[PDB]
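# A structural walkthrough
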Amino acid sequence: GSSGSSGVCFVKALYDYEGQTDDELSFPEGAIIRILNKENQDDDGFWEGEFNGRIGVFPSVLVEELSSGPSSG
């Protein structure tokens, strides 16, 4: 069981991020990431996602949400 949120999420790195340490995630300008955990309240505000076979953490600020709909404009 342990069912809660059933709906993966993705995000594109608007600006290339250079992870300080391994724990962090390093992706080029415009890289897609697979959100794994979005539980951040006390901590600074970094999420966890896997990329190119690498699991790290990002400030969730250098990325943009990917919706399944065209932007009105």
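Read on for an overview of the structure. (Residues numbered from 1 in each chain as written, not as in the entry; some residues may be left out. Heavy atoms only, no water.)

## Structural notes on the overall build of the chain
Along the chain, the regular secondary structure elements total zero helices and five strands. Reading the helices (α) and strands (β) of the chain from amino to carboxyl end gives β-β-β-β-β. Expressed as lengths along the three principal axes of its C-alpha atoms, the size of the chain is roughly 40 × 35 × 25 Å. By residue count, 25% of the 73 residues in the chain fall in the buried class. Across the chain, the fraction of contacts at a sequence separation of at least 24, relative to all contacts at a separation of at least 6, is 43%. Here the chain displays about 5700 Å² of accessible surface, and carbon together with sulfur accounts for 41% of that area. Both charge centroids of the chain, one from 4 positive and one from 14 negative side chains, sit 10 Å from each other. (Helix = DSSP H or I, 4+ residues; strand = E, 2+ residues; numbered from the N terminus. Buried < 20%, exposed > 50% of the residue type's maximum accessible area, 1.4 Å probe, protein only. Contact = heavy atoms within 4.5 Å. Areas by Shrake-Rupley, 256 points an atom, 1.4 Å probe, with all protein chains shown as cover. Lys, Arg positive; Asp, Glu negative; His and termini not counted. Charge placed at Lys NZ, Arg CZ, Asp CG, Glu CD.)

## A word on the packing of aromatic side chains
One pass over the structure, following the stated rule, counts three aromatic pairs. Look at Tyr17 and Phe27: their rings are 5.9 Å apart centre to centre, the planes differ by 35°, and that puts the pair in the tilted class. You can see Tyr17 sitting in the loop between strand 1 (9-13) and strand 2 (32-37) and its partner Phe27 sitting in the loop between strand 1 and strand 2, a full ten residues away along the chain. Across this residue pair, the class does not change: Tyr17 and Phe27 are buried. Arranged with centres 6.4 Å apart and planes meeting at 65°, the rings of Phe27 and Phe51 form a pair that is edge-to-face. (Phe/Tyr/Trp six-rings, centres within 6.5 Å; stacked < 30°, edge-to-face > 60°.)

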